[PDB]
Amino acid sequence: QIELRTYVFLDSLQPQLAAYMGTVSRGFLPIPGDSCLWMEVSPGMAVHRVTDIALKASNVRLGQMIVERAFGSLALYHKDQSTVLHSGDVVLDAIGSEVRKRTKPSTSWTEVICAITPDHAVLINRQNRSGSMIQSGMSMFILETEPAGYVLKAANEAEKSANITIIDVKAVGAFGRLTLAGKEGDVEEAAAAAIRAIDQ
């Protein structure tokens, strides 16, 4: 009685999100245009069997896999949507679940902050930061969701919709966080897109 908690499909990874996920991935690496499936199941120890099923079902490659007590996560990459989707479906059949059984994203913090200062920028740039640098004077959008993975979708759509800089995209754990920066207007556009993407 494994259960699905998160399912997030990304048809095509935007440039920065691809570079970002490429930076933090601990398995195979994604490249721009790759399709990506992010899943989360409980209990966490079940992620291994799910991973094995996914990898044997197709040519999809494994980018990430994290085991915690309560939940486990994995990320799958391939240039073909169909390959990614097929592996998803085989997994879903094997555990007797389906997309709609996933928990929906609830956003618990959404905010734009203007003209960040140099001290604030250093701390942002230093602490577990895997994307690009924020420069003081920039504006910033921050977003938190639960479950965590859905933040990948917000990030991709945000990037599709505006000229901004990806700073960090935390998709692991119970809480998803997105941080992006740039000119205030672009940032406000990205924020709207991000929130919109979560609302579905």
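Residue numbers run from 1 along the displayed sequence.
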*Going by the average Cα B-factor in the PDB entry, point out whether 129 to 137 or 157 to 165 comes out higher.*
157 to 165
*Give the stretch, out of 90 to 98 and 116 to 124, with the larger mean C-alpha temperature factor in the deposited entry.*
90 to 98
*Among all modelled residues of this chain, ranked by Cα B factor, put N59 in the bottom, middle or top third, i.e. lowest, middle or highest.*
middle
*Would you please rank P15 by its C-alpha temperature factor against the other modelled residues of its chain and give the third it falls in: lowest, middle or highest?*
middle
*Which third of the chain does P147 land in by C-alpha B-factor: lowest, middle or highest?*
highest
*Once the chain's modelled residues are ordered by C-alpha B factor and cut into thirds, is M21 in the lowest, middle or highest one?*
lowest
*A171 - Cα temperature factor, lowest/middle/highest third of chain*: middle
